[PDB]
């Protein structure tokens, strides 16, 4: 069962209006994830919304955000061919494998913070970073998916969730992120959540008091970094750019200081990939238009896939 250049393999998620199939690209043999979406049943507002996500997926180009590779589209159906993070969610990972040494925890936090910062540079995020947004790929690299998206086209309140959200106030930016980001680190480095309890009333009591103990192996840099994230009043919280500069963030990176992400100049002329595509049947004009005009068609999708994994 194929769509376009993709052999569809197992289903990995159904949701109301979307189905994510794992798949293999028959030209290059890359594994990808294909989100199949019925568009026949969509009121105009769901359609407007569908197409906004698509625009955003189109511009997110980051080594730690899931890439979009191809859009194949009929009157009835939208297929979005996207990067596959084979490794699950980061919270599960920790629950399943325990804490990480600071060095691995940093590499992952670096990727996270940079991806979250970058999203903000690129669109306006209207909802909180969520556990289901933090994935790992086959090589333990972070990949953020759908940051700030509705879950219409997805497939009480969380332990990993700003204290002021337990006050009912809507998401207001890199401010709520910072708290979440603090819970991530706490767990990344300690294996356990910084706040918990039996039920809604223990969790909330705990979170809003915001006391936590650190484990004795956590380094002072790390504890210090945490003192900038897990902070009750949202205005006392470090900005993302300010977080990037923290000491713990840069241990081992004293030359390569963490910095807001800037997209490199895109390479549309990789001669290796082009030679392969010419051997495959594609024309050099075809490759180039596809690339410069970002069509997300069979051709552009091929050149991208030839560049990974």
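Positions refer to the first chain, counted from 1.
Where residue 155 is followed by residue 156 in the displayed chain, the model omits 4 to 9 of the deposited residues that sit between the two. When the two stretches 226-234 and 200-208 are set side by side, the higher mean Cα temperature factor goes to 200-208. Taking the PDB entry as given, 157-165 carries the higher mean Cα B factor of the two stretches 185-193 and 157-165. Within the listed group 270, 70, 31, 256, the record reports its top CA B-factor for 256.
Residue set 170, 122, 143, 108: peak C-alpha B-factor at 170 (per PDB entry). Sort the modelled residues of the chain by CA B factor and residue 58 lands in the lowest third. In the deposited entry, the Cα temperature factor of residue 293 places it in the lowest third of its chain's modelled residues. In the PDB entry, a CA B factor belonging to the lowest third of its chain's modelled residues is recorded for residue 275. When the CA B factors of the chain's modelled residues are split into thirds, the value for residue 39 lands in the highest one. When all modelled residues of the chain are sorted by CA temperature factor, residue 86 is found within the middle third.
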